[PDB]
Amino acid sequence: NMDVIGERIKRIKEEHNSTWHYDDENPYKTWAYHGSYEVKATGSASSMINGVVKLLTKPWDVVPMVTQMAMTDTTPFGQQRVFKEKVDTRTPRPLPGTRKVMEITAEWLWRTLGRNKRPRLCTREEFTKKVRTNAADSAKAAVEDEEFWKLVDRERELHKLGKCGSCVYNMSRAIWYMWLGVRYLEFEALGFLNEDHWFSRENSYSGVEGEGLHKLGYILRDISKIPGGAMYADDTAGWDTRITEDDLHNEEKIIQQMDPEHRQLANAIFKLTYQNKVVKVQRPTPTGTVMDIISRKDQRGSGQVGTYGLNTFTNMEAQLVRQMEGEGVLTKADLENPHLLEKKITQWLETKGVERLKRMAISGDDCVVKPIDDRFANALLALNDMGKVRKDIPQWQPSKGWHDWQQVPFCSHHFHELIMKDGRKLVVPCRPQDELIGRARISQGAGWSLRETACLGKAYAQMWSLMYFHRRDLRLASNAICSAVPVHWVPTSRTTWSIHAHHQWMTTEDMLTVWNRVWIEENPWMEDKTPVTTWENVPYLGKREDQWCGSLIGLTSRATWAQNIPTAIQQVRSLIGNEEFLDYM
């Protein structure tokens, strides 16, 4: 294995020869450990609290989920704990018949996905524009430096020779340039999957890339109209650790559709940074803190460009295989058989494949499947054998599905159908309210001015106005935050890193105008384009649903907070200063 990874380790070893040593009491069991070198401590045990959001959400100061979110450990100790728990494991190799089905399905899926689109290389300009339209942080300075792009060209020439010298994944500027350059080369070779929307619903059938959170519920409601069994949404226990060498080799088949110059670079990303990988992980010792150099041939690097798309691909393939087992196409004897007949798999794929893909909503490891019947609930042989073991359930206990799409969990949410005062229907995203409030109360980093903190606060408030307006407490707290923050102050920093976030709340435009654009004008499931002229006509969940989903409506502490919220708004106002504020209450 040293012929592929040796150069990268040699360069780390050379760079850190001052403190480089082999810690013989290292905790790696399934990863090959190469050595250590001393580093400064990165991360924190707790998270900085957004005082603006906190002062305007007093009843949630006494809420356990809100307190838990205010924690989250990113120190070398925190990193080591998460590593041991999941990452340091081995997935048993799938059986020979399972490997054949996965190969037949992967080949058919890649051909289906590339029926209209052709792969292509992504550029320095695309990457620069992406970095720019995200921060405008030290990545923008690096992208502006010509010396970064020269290092990129040097690394690419090694990749063309089938070599890698600096592409290392992490769990002053020379080390940083090497990381961003690794991500650029990965983006250059595999970025087309995201950039050219290979996993859009129109292109992939099961996919939901570019749809946006506000569309996911409508998609789940459309799947519910398809005749079949219940809707299943099984969670995989640590999906990224379950990506096998067989999965990686199946994912690689995309290179067959590429032009020779693209194929050469994509093949280099697959063979050198995916199928072999060099990882840096911080670890505390009695002497201090060290950085460990580890390596392995399988699993997915969570912080990579191709991760989302390739997890989407493999999950689409895995669910088609589970659907085949459910229908009796794949038996236990077939999975164990190294000479398994290809015919019935190819026949099922060519005659039913696309119809079966349409029964699904797949976003990375998140899946919703509506099979032709409930035999799927007990079709677990191929699923477990592929290594996609369901989280917190005995291996062979049947899956529990849902007969109401509104109960189905997907992408950390569930979705409610609301009836507006004018009879029109809305399909809205929802989650336990404590998770929404707990997240908004967290500020990202330290040394942030009251202005920066208030603007992130405003971003969270406006996200609630657009997506979670149907939650009584969130519309009230959103109106309170927007009344306490100067009107002309632009929301800064992101509220989420989710692929489903389109960030329509990152504006000073009127939120009711934005609401109308998203939910009425641009909404394809809204036949009647009549605008809503008042927030009084923007619906809420039924009181009982709002309460079931965590609302404090009906409690005295909540009624007191609502009554006294202008006092809190005024206190935030007096601390911000003499600025232009607008009263949304």
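From 1 onward, residues are counted along the sequence shown. Take the two forms, superpose them, and find the largest set of C-alpha atoms that agree within 1.5 Å; that set is the rigid core.
The rigid core fit leaves 172 to 180 as the farther-lying stretch in 6 other deposited structures of this protein, judged by Cα positions and set against 461 to 469 and 172 to 180. In the comparison with other entries of the same protein, residue 136 is left without coordinates in at least one third of those covering both sides of it.
Where coordinates are absent for parts of the deposited sequence, a chain break appears; between neighbours residue 171 and residue 172 it spans 10 or more residues. Gap between residue 136 and residue 137: 10 or more deposited residues without coordinates. Relative to one another, 37 to 45 and 512 to 520 have unequal mean CA B-factors, and 37 to 45 is the one with the higher figure. Relative to its counterpart among 275 to 283 and 230 to 238, 275 to 283 has the higher mean temperature factor, C-alpha atoms as listed in the PDB entry. In this structure the maximum Cα B-factor among 471, 414, 140, 214 is found at 140.
In the deposited coordinates, the residue among 453, 478, 250, 295 with the greatest CA B-factor is 453. Per-chain ranking of the deposited C-alpha B factor places residue 525 in the lowest third.
Per the deposited record, the Cα B-factor of residue 147 falls in the highest third when ranked against the other modelled residues of its chain. Placement of the Cα temperature factor of residue 301 within the chain: highest third of the modelled residues, per the deposited record. When the modelled residues of the chain are ordered by their C-alpha B factor, residue 338 lands in the middle third. For residue 73, the recorded CA B-factor ranks within the highest third of the chain. Only modelled residues enter the ranking.
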